[PDB]
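K.L.:
Structure provided below as structure tokens; questions to follow.
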Protein chains: 4
Amino acid sequence: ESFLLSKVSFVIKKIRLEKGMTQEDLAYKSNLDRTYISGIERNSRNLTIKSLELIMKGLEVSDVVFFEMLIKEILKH
Amino acid sequence: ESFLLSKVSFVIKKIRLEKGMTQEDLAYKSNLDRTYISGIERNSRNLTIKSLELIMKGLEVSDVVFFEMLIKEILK
Amino acid sequence: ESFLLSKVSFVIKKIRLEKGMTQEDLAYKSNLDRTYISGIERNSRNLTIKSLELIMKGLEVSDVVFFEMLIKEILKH
Amino acid sequence: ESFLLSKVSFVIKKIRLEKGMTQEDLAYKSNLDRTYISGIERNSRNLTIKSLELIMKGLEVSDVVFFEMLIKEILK
DNA sequence: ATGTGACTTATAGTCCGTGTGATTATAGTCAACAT
DNA sequence: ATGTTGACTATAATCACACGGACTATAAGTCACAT
Ligand SMILES: [Mg+2]
Ligand SMILES: [Mg+2]
């Protein structure tokens with residue numbers, strides 16, 4: 001659909017694997033459906049900031065460092 | 001209320017103000033609704049990334065500089 | 001594929017719903033995959049007695065009462 | 001070892017004996033392997049439902065009477 | 001006749017993911033009247 | 001100009017499930033030698 005989204009979902013998946021988490025853990029750890037997390041990662045979802053926040057607490061990562069990785073992903077080529 | 005959600009709004013307002021833009025104008029520019037934008041700016045809406053993106057296009061700021069600012073604001 | 005199996009999986013699903021459990025409770029409660037329970041219930045699986053035992057403890061049901069329902073299901077026309 | 005698994009085997013042995021069948025004969029009759037049946041009967045195999053079903057056909061007993069017996073045996 | 005041990009292969013059981021239909025909560029959009 | 005209040009609809013988010021490919025553990029099936 002949209003630029004920022006595909007970047008957001010790329011970063012969530014990048015962190016998650018970096019931390020050796022499976023989708024499963026992530027979903028409990030961050031209080032969303034197992035399906036929701038999957039659906040984000042197939043970039044098929046446009047999440048709310050509140051949800052983003054919950055995912056960030058899920059990845060055990062600070063808002064700051066998350067956005068620092070966003071920025072970097074946006075910049076690749 | 002959410003901490004992040006409130007810094008995002010603070011920033012939107014900040015950028016709009018640095019640009020001497022009214023809400024009415026931000027709403028026109030981004031094709032969203034004045035009542036919408038008002039609501040965000042008093043932190044009474046929790047917006048979807050897509051909406052954020054539309055507001056960024058209206059402020060006329062790149063996602064990169066938006067998040068650069070957001071980080072700065074978050075850090076106090 | 002086989003007579004007894006379709007009867008066994010019919011009974012597991014019958015008890016589970018009777019107890020208002022979803023597949024995933026069942027799967028944790030009984031220490032098997034979420035997928036395994038599903039696959040049994042689509043009667044696509046031929047389980048070990050040990051696994052059966054684990055499912056029975058899962059449904060919070062005695063071996064006895066389980067087989068009493070087997071018998072009844074085998075009998076139904 | 002499993003309690004159920006051991007009553008199942010006890011029963012198989014019981015039915016075979018009430019029929020005066022040898023293992024060799026139960027193996028032939030059910031098209032499985034003598035060493036397989038031996039192993040079950042000293043509770044050293046944890047068999048699939050399918051196999052159980054094969055052994056039941058070899059004993060020549062209906063699932064219904066098998067489980068009737070299994071319950072009785074379970075109850076001590 | 002039965003028991004045991006060792007070995008191979010077929011498949012039970014595990015683990016991590018994709019995809020979806022149905023339902024509930026809430027964001028996305030707008031009117032009215034406010035200042 | 002901005003703020004606030006509802007009502008309306010579109011979709012974010014939830015909940016019970018099915019299905020898949022890849023992988024590990026173990027049952028299913030045979031010999032060998034045993035008694
Ligand atoms: Mg929840
Ligand atoms: Mg386990």
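In the structure tokens, chains take the letters A, B, ... in the order shown, each chain's residues start at 1, and ligands count up from 1 in the order shown.
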Just need chain B moved onto chain D: least-squares over all Cα atoms matched in order, then output as a JSON list (two decimals) with N, CA, C and O atoms, in the first residue's frame.
P.N.:
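Dumped everything to selection-v9.json:
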```
[["chain", "number", "residue", "atom", "x", "y", "z"],
["B", 1, "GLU", "N", 7.06, -45.34, 32.18],
["B", 1, "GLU", "CA", 6.00, -46.18, 31.56],
["B", 1, "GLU", "C", 4.62, -45.59, 31.82],
["B", 1, "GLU", "O", 4.40, -44.94, 32.84],
["B", 2, "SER", "N", 3.67, -45.90, 30.95],
["B", 2, "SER", "CA", 2.34, -45.33, 31.05],
["B", 2, "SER", "C", 1.35, -46.34, 31.61],
["B", 2, "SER", "O", 1.31, -47.50, 31.18],
["B", 3, "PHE", "N", 0.51, -45.89, 32.53],
["B", 3, "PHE", "CA", -0.54, -46.74, 33.10],
["B", 3, "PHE", "C", -1.48, -47.30, 32.04],
["B", 3, "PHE", "O", -1.73, -48.51, 32.00],
["B", 4, "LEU", "N", -2.04, -46.42, 31.22],
["B", 4, "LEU", "CA", -2.91, -46.82, 30.13],
["B", 4, "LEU", "C", -2.21, -47.81, 29.21],
["B", 4, "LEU", "O", -2.74, -48.87, 28.89],
["B", 5, "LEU", "N", -1.01, -47.45, 28.78],
["B", 5, "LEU", "CA", -0.29, -48.27, 27.83],
["B", 5, "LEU", "C", -0.14, -49.68, 28.40],
["B", 5, "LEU", "O", -0.24, -50.67, 27.66],
["B", 6, "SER", "N", -0.02, -49.79, 29.71],
["B", 6, "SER", "CA", 0.22, -51.10, 30.33],
["B", 6, "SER", "C", -1.04, -51.93, 30.53],
["B", 6, "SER", "O", -0.98, -53.15, 30.63],
["B", 7, "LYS", "N", -2.19, -51.26, 30.60],
["B", 7, "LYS", "CA", -3.45, -51.99, 30.74],
["B", 7, "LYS", "C", -3.88, -52.46, 29.36],
["B", 7, "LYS", "O", -4.42, -53.56, 29.20],
["B", 8, "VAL", "N", -3.58, -51.65, 28.35],
["B", 8, "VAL", "CA", -3.89, -52.03, 26.99],
["B", 8, "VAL", "C", -3.18, -53.33, 26.66],
["B", 8, "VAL", "O", -3.82, -54.32, 26.28],
["B", 9, "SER", "N", -1.89, -53.37, 26.93],
["B", 9, "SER", "CA", -1.11, -54.58, 26.69],
["B", 9, "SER", "C", -1.63, -55.74, 27.53],
["B", 9, "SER", "O", -1.80, -56.86, 27.01],
["B", 10, "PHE", "N", -1.87, -55.50, 28.81],
["B", 10, "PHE", "CA", -2.40, -56.57, 29.66],
["B", 10, "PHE", "C", -3.65, -57.18, 29.04],
["B", 10, "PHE", "O", -3.76, -58.40, 28.93],
["B", 11, "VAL", "N", -4.55, -56.32, 28.58],
["B", 11, "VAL", "CA", -5.77, -56.76, 27.92],
["B", 11, "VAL", "C", -5.50, -57.57, 26.66],
["B", 11, "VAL", "O", -6.01, -58.69, 26.50],
["B", 12, "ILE", "N", -4.70, -57.02, 25.75],
["B", 12, "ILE", "CA", -4.35, -57.76, 24.54],
["B", 12, "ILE", "C", -3.94, -59.17, 24.91],
["B", 12, "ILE", "O", -4.53, -60.14, 24.44],
["B", 13, "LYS", "N", -3.00, -59.28, 25.84],
["B", 13, "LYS", "CA", -2.55, -60.59, 26.32],
["B", 13, "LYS", "C", -3.70, -61.41, 26.88],
["B", 13, "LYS", "O", -3.84, -62.59, 26.57],
["B", 14, "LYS", "N", -4.56, -60.77, 27.66],
["B", 14, "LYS", "CA", -5.70, -61.45, 28.27],
["B", 14, "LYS", "C", -6.61, -62.03, 27.21],
["B", 14, "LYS", "O", -6.98, -63.20, 27.29],
["B", 15, "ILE", "N", -6.96, -61.23, 26.20],
["B", 15, "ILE", "CA", -7.88, -61.71, 25.20],
["B", 15, "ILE", "C", -7.25, -62.84, 24.41],
["B", 15, "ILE", "O", -7.88, -63.88, 24.19],
["B", 16, "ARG", "N", -5.99, -62.68, 24.05],
["B", 16, "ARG", "CA", -5.26, -63.71, 23.33],
["B", 16, "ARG", "C", -5.30, -65.03, 24.10],
["B", 16, "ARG", "O", -5.48, -66.10, 23.52],
["B", 17, "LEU", "N", -5.17, -64.93, 25.42],
["B", 17, "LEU", "CA", -5.08, -66.10, 26.26],
["B", 17, "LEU", "C", -6.43, -66.79, 26.42],
["B", 17, "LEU", "O", -6.52, -68.01, 26.32],
["B", 18, "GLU", "N", -7.47, -66.00, 26.64],
["B", 18, "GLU", "CA", -8.84, -66.52, 26.65],
["B", 18, "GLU", "C", -9.18, -67.23, 25.34],
["B", 18, "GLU", "O", -10.07, -68.08, 25.31],
["B", 19, "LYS", "N", -8.48, -66.87, 24.27],
["B", 19, "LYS", "CA", -8.71, -67.51, 22.98],
["B", 19, "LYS", "C", -7.73, -68.64, 22.72],
["B", 19, "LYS", "O", -7.69, -69.19, 21.62],
["B", 20, "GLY", "N", -6.94, -68.99, 23.74],
["B", 20, "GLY", "CA", -5.87, -69.97, 23.59],
["B", 20, "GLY", "C", -4.96, -69.77, 22.38],
["B", 20, "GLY", "O", -4.41, -70.73, 21.85],
["B", 21, "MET", "N", -4.80, -68.51, 21.96],
["B", 21, "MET", "CA", -3.91, -68.16, 20.85],
["B", 21, "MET", "C", -2.46, -67.94, 21.29],
["B", 21, "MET", "O", -2.21, -67.15, 22.20],
["B", 22, "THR", "N", -1.52, -68.49, 20.55],
["B", 22, "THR", "CA", -0.13, -68.06, 20.66],
["B", 22, "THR", "C", 0.09, -66.65, 20.09],
["B", 22, "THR", "O", -0.71, -66.17, 19.27],
["B", 23, "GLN", "N", 1.19, -66.01, 20.49],
["B", 23, "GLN", "CA", 1.70, -64.81, 19.81],
["B", 23, "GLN", "C", 1.92, -65.03, 18.32],
["B", 23, "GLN", "O", 1.58, -64.17, 17.52],
["B", 24, "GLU", "N", 2.58, -66.13, 17.97],
["B", 24, "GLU", "CA", 2.92, -66.38, 16.58],
["B", 24, "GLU", "C", 1.63, -66.28, 15.80],
["B", 24, "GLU", "O", 1.51, -65.47, 14.88],
["B", 25, "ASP", "N", 0.61, -66.98, 16.29],
["B", 25, "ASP", "CA", -0.70, -66.97, 15.65],
["B", 25, "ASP", "C", -1.35, -65.59, 15.64],
["B", 25, "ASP", "O", -1.91, -65.18, 14.63],
["B", 26, "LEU", "N", -1.29, -64.85, 16.75],
["B", 26, "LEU", "CA", -1.85, -63.50, 16.75],
["B", 26, "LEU", "C", -1.14, -62.65, 15.70],
["B", 26, "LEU", "O", -1.76, -61.79, 15.08],
["B", 27, "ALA", "N", 0.15, -62.89, 15.51],
["B", 27, "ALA", "CA", 0.93, -62.08, 14.59],
["B", 27, "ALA", "C", 0.54, -62.42, 13.15],
["B", 27, "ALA", "O", 0.26, -61.54, 12.36],
["B", 28, "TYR", "N", 0.46, -63.71, 12.85],
["B", 28, "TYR", "CA", -0.05, -64.15, 11.56],
["B", 28, "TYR", "C", -1.43, -63.54, 11.30],
["B", 28, "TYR", "O", -1.65, -62.91, 10.26],
["B", 29, "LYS", "N", -2.33, -63.69, 12.26],
["B", 29, "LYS", "CA", -3.74, -63.38, 12.05],
["B", 29, "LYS", "C", -3.95, -61.90, 11.74],
["B", 29, "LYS", "O", -4.84, -61.54, 10.97],
["B", 30, "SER", "N", -3.11, -61.05, 12.33],
["B", 30, "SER", "CA", -3.31, -59.61, 12.26],
["B", 30, "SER", "C", -2.38, -58.96, 11.23],
["B", 30, "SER", "O", -2.37, -57.73, 11.08],
["B", 31, "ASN", "N", -1.60, -59.79, 10.53],
["B", 31, "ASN", "CA", -0.51, -59.29, 9.69],
["B", 31, "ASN", "C", 0.33, -58.21, 10.37],
["B", 31, "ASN", "O", 0.33, -57.04, 9.95],
["B", 32, "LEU", "N", 0.95, -58.57, 11.49],
["B", 32, "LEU", "CA", 2.05, -57.80, 12.05],
["B", 32, "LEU", "C", 3.17, -58.76, 12.43],
["B", 32, "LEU", "O", 3.13, -59.94, 12.05],
["B", 33, "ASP", "N", 4.16, -58.27, 13.16],
["B", 33, "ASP", "CA", 5.39, -59.04, 13.39],
["B", 33, "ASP", "C", 5.45, -59.62, 14.80],
["B", 33, "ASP", "O", 5.20, -58.92, 15.77],
["B", 34, "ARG", "N", 5.79, -60.90, 14.89],
["B", 34, "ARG", "CA", 5.88, -61.58, 16.18],
["B", 34, "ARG", "C", 6.68, -60.77, 17.19],
["B", 34, "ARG", "O", 6.29, -60.65, 18.35],
["B", 35, "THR", "N", 7.81, -60.22, 16.75],
["B", 35, "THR", "CA", 8.67, -59.45, 17.64],
["B", 35, "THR", "C", 7.95, -58.19, 18.07],
["B", 35, "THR", "O", 8.13, -57.72, 19.19],
["B", 36, "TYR", "N", 7.08, -57.75, 17.20],
["B", 36, "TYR", "CA", 6.27, -56.63, 17.47],
["B", 36, "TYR", "C", 5.37, -56.94, 18.63],
["B", 36, "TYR", "O", 5.42, -56.31, 19.65],
["B", 37, "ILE", "N", 4.57, -57.96, 18.46],
["B", 37, "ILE", "CA", 3.57, -58.36, 19.42],
["B", 37, "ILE", "C", 4.19, -58.74, 20.74],
["B", 37, "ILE", "O", 3.67, -58.37, 21.80],
["B", 38, "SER", "N", 5.29, -59.48, 20.70],
["B", 38, "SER", "CA", 5.99, -59.79, 21.92],
["B", 38, "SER", "C", 6.21, -58.50, 22.67],
["B", 38, "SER", "O", 5.80, -58.37, 23.83],
["B", 39, "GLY", "N", 6.82, -57.53, 21.99],
["B", 39, "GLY", "CA", 7.21, -56.26, 22.60],
["B", 39, "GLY", "C", 6.05, -55.52, 23.24],
["B", 39, "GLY", "O", 6.18, -54.98, 24.34],
["B", 40, "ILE", "N", 4.92, -55.48, 22.55],
["B", 40, "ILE", "CA", 3.72, -54.87, 23.09],
["B", 40, "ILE", "C", 3.32, -55.54, 24.38],
["B", 40, "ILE", "O", 2.87, -54.90, 25.33],
["B", 41, "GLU", "N", 3.46, -56.86, 24.40],
["B", 41, "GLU", "CA", 2.87, -57.66, 25.46],
["B", 41, "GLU", "C", 3.69, -57.62, 26.73],
["B", 41, "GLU", "O", 3.18, -57.95, 27.79],
["B", 42, "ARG", "N", 4.97, -57.29, 26.61],
["B", 42, "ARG", "CA", 5.77, -56.89, 27.77],
["B", 42, "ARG", "C", 5.87, -55.37, 27.83],
["B", 42, "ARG", "O", 6.89, -54.82, 28.28],
["B", 43, "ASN", "N", 4.84, -54.73, 27.29],
["B", 43, "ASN", "CA", 4.58, -53.30, 27.46],
["B", 43, "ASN", "C", 5.68, -52.36, 26.95],
["B", 43, "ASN", "O", 5.63, -51.16, 27.20],
["B", 44, "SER", "N", 6.62, -52.92, 26.18],
["B", 44, "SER", "CA", 7.77, -52.19, 25.65],
["B", 44, "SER", "C", 7.54, -51.49, 24.29],
["B", 44, "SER", "O", 8.48, -51.02, 23.64],
["B", 45, "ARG", "N", 6.28, -51.36, 23.90],
["B", 45, "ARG", "CA", 5.92, -50.52, 22.76],
["B", 45, "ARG", "C", 4.69, -49.69, 23.07],
["B", 45, "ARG", "O", 3.80, -50.13, 23.79],
["B", 46, "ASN", "N", 4.67, -48.48, 22.52],
["B", 46, "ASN", "CA", 3.58, -47.51, 22.72],
["B", 46, "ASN", "C", 2.88, -47.30, 21.38],
["B", 46, "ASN", "O", 3.39, -46.60, 20.51],
["B", 47, "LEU", "N", 1.82, -48.05, 21.15],
["B", 47, "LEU", "CA", 1.37, -48.28, 19.78],
["B", 47, "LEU", "C", 0.38, -47.22, 19.34],
["B", 47, "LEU", "O", -0.36, -46.67, 20.14],
["B", 48, "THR", "N", 0.34, -46.97, 18.03],
["B", 48, "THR", "CA", -0.62, -46.05, 17.45],
["B", 48, "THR", "C", -1.99, -46.72, 17.27],
["B", 48, "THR", "O", -2.07, -47.92, 16.98],
["B", 49, "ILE", "N", -3.05, -45.94, 17.45],
["B", 49, "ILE", "CA", -4.41, -46.43, 17.32],
["B", 49, "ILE", "C", -4.52, -47.40, 16.15],
["B", 49, "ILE", "O", -5.09, -48.47, 16.29],
["B", 50, "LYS", "N", -3.95, -47.05, 15.00],
["B", 50, "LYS", "CA", -4.05, -47.91, 13.83],
["B", 50, "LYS", "C", -3.55, -49.31, 14.13],
["B", 50, "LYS", "O", -4.10, -50.29, 13.61],
["B", 51, "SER", "N", -2.47, -49.40, 14.89],
["B", 51, "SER", "CA", -1.89, -50.69, 15.21],
["B", 51, "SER", "C", -2.82, -51.43, 16.15],
["B", 51, "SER", "O", -3.02, -52.65, 16.01],
["B", 52, "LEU", "N", -3.38, -50.70, 17.10],
["B", 52, "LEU", "CA", -4.30, -51.29, 18.04],
["B", 52, "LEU", "C", -5.41, -51.94, 17.24],
["B", 52, "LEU", "O", -5.84, -53.06, 17.52],
["B", 53, "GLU", "N", -5.81, -51.26, 16.17],
["B", 53, "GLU", "CA", -6.96, -51.68, 15.41],
["B", 53, "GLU", "C", -6.62, -52.98, 14.69],
["B", 53, "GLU", "O", -7.46, -53.86, 14.54],
["B", 54, "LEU", "N", -5.37, -53.08, 14.24],
["B", 54, "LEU", "CA", -4.93, -54.26, 13.53],
["B", 54, "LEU", "C", -4.88, -55.47, 14.47],
["B", 54, "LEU", "O", -5.11, -56.61, 14.05],
["B", 55, "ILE", "N", -4.60, -55.21, 15.74],
["B", 55, "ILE", "CA", -4.39, -56.26, 16.72],
["B", 55, "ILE", "C", -5.76, -56.74, 17.14],
["B", 55, "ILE", "O", -5.98, -57.94, 17.37],
["B", 56, "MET", "N", -6.70, -55.80, 17.19],
["B", 56, "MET", "CA", -8.09, -56.13, 17.47],
["B", 56, "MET", "C", -8.66, -57.02, 16.38],
["B", 56, "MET", "O", -9.36, -57.99, 16.68],
["B", 57, "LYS", "N", -8.32, -56.75, 15.12],
["B", 57, "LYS", "CA", -8.81, -57.59, 14.02],
["B", 57, "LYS", "C", -8.22, -58.97, 14.10],
["B", 57, "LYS", "O", -8.84, -59.94, 13.69],
["B", 58, "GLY", "N", -7.01, -59.05, 14.65],
["B", 58, "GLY", "CA", -6.29, -60.31, 14.76],
["B", 58, "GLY", "C", -6.81, -61.13, 15.92],
["B", 58, "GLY", "O", -7.02, -62.34, 15.78],
["B", 59, "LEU", "N", -7.02, -60.48, 17.06],
["B", 59, "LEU", "CA", -7.72, -61.11, 18.17],
["B", 59, "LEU", "C", -9.14, -61.52, 17.78],
["B", 59, "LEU", "O", -9.72, -62.41, 18.39],
["B", 60, "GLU", "N", -9.66, -60.86, 16.75],
["B", 60, "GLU", "CA", -11.03, -61.05, 16.26],
["B", 60, "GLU", "C", -12.08, -60.55, 17.24],
["B", 60, "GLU", "O", -13.11, -61.19, 17.47],
["B", 61, "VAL", "N", -11.81, -59.39, 17.81],
["B", 61, "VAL", "CA", -12.72, -58.75, 18.75],
["B", 61, "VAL", "C", -13.11, -57.36, 18.28],
["B", 61, "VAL", "O", -12.29, -56.62, 17.74],
["B", 62, "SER", "N", -14.37, -57.00, 18.50],
["B", 62, "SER", "CA", -14.87, -55.70, 18.11],
["B", 62, "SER", "C", -14.28, -54.66, 19.05],
["B", 62, "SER", "O", -14.06, -54.95, 20.23],
["B", 63, "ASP", "N", -14.01, -53.47, 18.52],
["B", 63, "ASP", "CA", -13.52, -52.36, 19.33],
["B", 63, "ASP", "C", -14.38, -52.20, 20.58],
["B", 63, "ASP", "O", -13.86, -52.03, 21.68],
["B", 64, "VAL", "N", -15.69, -52.32, 20.42],
["B", 64, "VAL", "CA", -16.56, -52.20, 21.56],
["B", 64, "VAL", "C", -16.23, -53.16, 22.70],
["B", 64, "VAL", "O", -16.00, -52.72, 23.83],
["B", 65, "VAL", "N", -16.12, -54.46, 22.42],
["B", 65, "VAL", "CA", -15.81, -55.40, 23.50],
["B", 65, "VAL", "C", -14.38, -55.23, 24.02],
["B", 65, "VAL", "O", -14.10, -55.49, 25.19],
["B", 66, "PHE", "N", -13.50, -54.70, 23.18],
["B", 66, "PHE", "CA", -12.13, -54.47, 23.62],
["B", 66, "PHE", "C", -12.11, -53.39, 24.69],
["B", 66, "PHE", "O", -11.46, -53.54, 25.72],
["B", 67, "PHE", "N", -12.83, -52.31, 24.43],
["B", 67, "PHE", "CA", -12.82, -51.18, 25.34],
["B", 67, "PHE", "C", -13.64, -51.47, 26.58],
["B", 67, "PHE", "O", -13.26, -51.09, 27.68],
["B", 68, "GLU", "N", -14.71, -52.25, 26.42],
["B", 68, "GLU", "CA", -15.46, -52.73, 27.57],
["B", 68, "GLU", "C", -14.50, -53.42, 28.52],
["B", 68, "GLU", "O", -14.48, -53.14, 29.71],
["B", 69, "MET", "N", -13.63, -54.26, 27.96],
["B", 69, "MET", "CA", -12.67, -55.00, 28.76],
["B", 69, "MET", "C", -11.63, -54.08, 29.35],
["B", 69, "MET", "O", -11.22, -54.25, 30.50],
["B", 70, "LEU", "N", -11.21, -53.10, 28.57],
["B", 70, "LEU", "CA", -10.12, -52.22, 28.96],
["B", 70, "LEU", "C", -10.55, -51.42, 30.19],
["B", 70, "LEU", "O", -9.77, -51.20, 31.11],
["B", 71, "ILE", "N", -11.81, -50.98, 30.17],
["B", 71, "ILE", "CA", -12.37, -50.24, 31.29],
["B", 71, "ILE", "C", -12.39, -51.12, 32.52],
["B", 71, "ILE", "O", -11.96, -50.71, 33.60],
["B", 72, "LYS", "N", -12.85, -52.35, 32.35],
["B", 72, "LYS", "CA", -12.97, -53.25, 33.48],
["B", 72, "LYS", "C", -11.59, -53.43, 34.10],
["B", 72, "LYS", "O", -11.42, -53.28, 35.30],
["B", 73, "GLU", "N", -10.58, -53.59, 33.25],
["B", 73, "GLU", "CA", -9.23, -53.87, 33.71],
["B", 73, "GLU", "C", -8.65, -52.67, 34.44],
["B", 73, "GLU", "O", -8.04, -52.80, 35.50],
["B", 74, "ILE", "N", -8.87, -51.49, 33.87],
["B", 74, "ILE", "CA", -8.43, -50.23, 34.46],
["B", 74, "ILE", "C", -8.95, -50.06, 35.89],
["B", 74, "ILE", "O", -8.22, -49.58, 36.77],
["B", 75, "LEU", "N", -10.18, -50.51, 36.14],
["B", 75, "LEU", "CA", -10.83, -50.26, 37.42],
["B", 75, "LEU", "C", -10.38, -51.18, 38.56],
["B", 75, "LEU", "O", -10.77, -51.00, 39.71],
["B", 76, "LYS", "N", -9.53, -52.15, 38.22],
["B", 76, "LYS", "CA", -8.71, -52.86, 39.22],
["B", 76, "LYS", "C", -9.29, -54.23, 39.52],
["B", 76, "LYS", "O", -9.26, -55.12, 38.66]]
```
K.L.:
Enumerate as a list in words the residues belonging to chain E that approach chain A to within 9 Å, with only C-alpha atoms (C1' of nucleotides) taken into account.
P.N.:
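Close to chain A, chain E has residues 16, 17, 18 and 27 of chain E.
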K.L.:
Counting only C-alpha atoms (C1' of nucleotides) and all ligand atoms, which protein, DNA or RNA residues come within 8 Å of ligand 2, given as a ChimeraX atom specification?
P.N.:
/C:31-33 /E:14
K.L.:
Write as a tab-separated table (two decimals) with N, CA, C and O atoms (P, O5', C5', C4', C3', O3' and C1' of nucleotides), in the first residue's frame the residues around ligand 1, taking 12 Å as the cut-off and counting only C-alpha atoms (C1' of nucleotides) and all ligand atoms.
P.N.:
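Once written, result-v2.tsv looks like this:
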```tsv
chain	number	residue	atom	x	y	z
A	27	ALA	N	4.04	-12.18	20.15
A	27	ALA	CA	2.61	-11.91	20.30
A	27	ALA	C	2.13	-11.94	21.75
A	27	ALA	O	1.32	-11.09	22.16
A	28	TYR	N	2.64	-12.84	22.55
A	28	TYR	CA	2.21	-12.79	23.91
A	28	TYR	C	2.91	-11.65	24.51
A	28	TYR	O	2.30	-10.75	25.04
A	29	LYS	N	4.23	-11.68	24.43
A	29	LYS	CA	5.05	-10.70	25.12
A	29	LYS	C	4.54	-9.27	24.93
A	29	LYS	O	4.81	-8.39	25.76
A	30	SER	N	3.77	-9.04	23.88
A	30	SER	CA	3.33	-7.70	23.53
A	30	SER	C	1.81	-7.58	23.44
A	30	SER	O	1.30	-6.56	22.95
A	31	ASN	N	1.10	-8.62	23.89
A	31	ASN	CA	-0.36	-8.56	24.10
A	31	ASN	C	-1.16	-8.28	22.83
A	31	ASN	O	-2.08	-7.45	22.82
A	32	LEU	N	-0.77	-8.95	21.74
A	32	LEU	CA	-1.60	-8.98	20.53
A	32	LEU	C	-1.78	-10.42	20.04
A	32	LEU	O	-1.06	-11.33	20.46
A	33	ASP	N	-2.73	-10.61	19.13
A	33	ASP	CA	-2.97	-11.93	18.52
A	33	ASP	C	-1.73	-12.51	17.83
A	33	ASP	O	-0.94	-11.77	17.24
A	34	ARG	N	-1.61	-13.83	17.85
A	34	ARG	CA	-0.57	-14.50	17.07
A	34	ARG	C	-0.74	-14.14	15.60
A	34	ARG	O	0.24	-13.88	14.89
A	35	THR	N	-1.98	-14.12	15.14
A	35	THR	CA	-2.31	-13.72	13.78
A	35	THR	C	-1.95	-12.26	13.50
A	35	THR	O	-1.42	-11.95	12.43
A	36	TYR	N	-2.22	-11.36	14.43
A	36	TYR	CA	-1.91	-9.97	14.13
A	36	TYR	C	-0.45	-9.77	13.78
A	36	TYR	O	-0.13	-9.10	12.80
A	51	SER	N	-0.53	0.44	19.07
A	51	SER	CA	-0.15	-0.93	18.82
A	51	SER	C	1.35	-1.02	18.63
A	51	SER	O	2.01	-1.89	19.21
A	54	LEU	N	3.02	-1.19	21.80
A	54	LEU	CA	2.91	-2.49	22.44
A	54	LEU	C	3.89	-3.47	21.83
A	54	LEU	O	4.50	-4.28	22.53
E	24	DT	P	-19.55	-9.92	18.21
E	24	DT	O5'	-18.12	-9.23	18.39
E	24	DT	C5'	-17.27	-9.50	19.51
E	24	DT	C4'	-16.38	-8.29	19.78
E	24	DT	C3'	-17.06	-7.04	20.33
E	24	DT	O3'	-16.16	-6.50	21.28
E	24	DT	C1'	-15.88	-6.47	18.39
E	25	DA	P	-16.49	-5.22	22.19
E	25	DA	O5'	-15.35	-4.23	21.67
E	25	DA	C5'	-14.06	-4.79	21.47
E	25	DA	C4'	-13.04	-3.73	21.07
E	25	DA	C3'	-13.24	-2.34	21.66
E	25	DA	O3'	-11.97	-1.73	21.63
E	25	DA	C1'	-13.52	-2.24	19.33
F	13	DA	P	-4.44	-1.68	15.15
F	13	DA	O5'	-5.35	-2.80	15.79
F	13	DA	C5'	-6.07	-2.52	16.97
F	13	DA	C4'	-6.72	-3.79	17.47
F	13	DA	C3'	-5.76	-4.96	17.59
F	13	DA	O3'	-5.85	-5.56	18.89
F	13	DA	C1'	-7.62	-5.56	16.25
F	14	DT	P	-5.63	-7.13	19.17
F	14	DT	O5'	-7.11	-7.72	18.96
F	14	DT	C5'	-8.16	-7.29	19.81
F	14	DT	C4'	-9.17	-8.41	19.91
F	14	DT	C3'	-8.60	-9.72	20.44
F	14	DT	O3'	-9.55	-10.22	21.33
F	14	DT	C1'	-9.52	-10.06	18.28
F	15	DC	P	-9.27	-11.42	22.35
F	15	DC	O5'	-9.75	-12.66	21.46
F	15	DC	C5'	-11.13	-12.62	21.09
F	15	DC	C4'	-11.52	-13.85	20.30
F	15	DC	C3'	-10.74	-15.10	20.69
F	15	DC	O3'	-11.70	-16.13	20.89
F	15	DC	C1'	-10.65	-14.78	18.37
```
K.L.:
If we count only C-alpha atoms (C1' of nucleotides), what is near residue E:7 at a cut-off of 12 Å, once residues fewer than 3 positions away on the same chain are taken out, given as a PyMOL selection string?
P.N.:
chain F and resi 29-32
K.L.:
Just the number, please: distance in Å from atom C1' of residue E:28 to atom CA of residue A:50, one decimal.
P.N.:
15.7 Å
K.L.:
What are the residues of chain F that have an atom within 9 Å of an atom of chain C, counting only C-alpha atoms (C1' of nucleotides), as number ranges by chain?
P.N.:
F: 16-18, 27
K.L.:
Within 10 Å of chain B, which residues of chain A are there when counting only C-alpha atoms? Please give them as a list in words.
P.N.:
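The complete set of qualifying residues is residues 1, 2, 3, 4, 5, 8, 45, 46, 47, 48, 49, 50, 51, 52, 53, 63, 64, 65, 66, 67, 68, 70, 71, 72, 74 and 75 of chain A.
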K.L.:
DSSP on the backbone, alpha helix (DSSP H) only: what residues of chain C does that give? Format it as a ChimeraX atom specification.
P.N.:
/C:3-18,23-29,34-41,49-58,63-74
K.L.:
Between E:11, E:20, E:35, E:2, which one has atoms that come closest to chain D, using only C-alpha atoms (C1' of nucleotides)?
P.N.:
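Nearest to chain D: E:2.
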K.L.:
At what distance in Å, to one decimal, does atom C1' of residue E:15 lie from atom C1' of residue F:25?
P.N.:
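Rounded to one decimal, the two atoms are 12.9 Å apart.
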K.L.:
Provide the atom CA of residue C:57 to atom CA of residue C:41 distance in Å, to one decimal place.
P.N.:
16.7 Å
K.L.:
Would you write out, as a tab-separated table, a table of all residues in chain E that have an atom no more than 12 Å from an atom of chain D, listing for each the closest atom pair and the distance in Å to one decimal, considering only C-alpha atoms (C1' of nucleotides) and ordering rows by chain and rising residue number?
P.N.:
```
residue	atom	partner	partner_atom	distance
E:1	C1'	D:24	CA	7.9
E:2	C1'	D:38	CA	7.4
E:3	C1'	D:38	CA	7.4
E:4	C1'	D:35	CA	9.2
E:5	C1'	D:35	CA	11.2
E:11	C1'	D:48	CA	10.6
E:12	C1'	D:48	CA	8.6
```
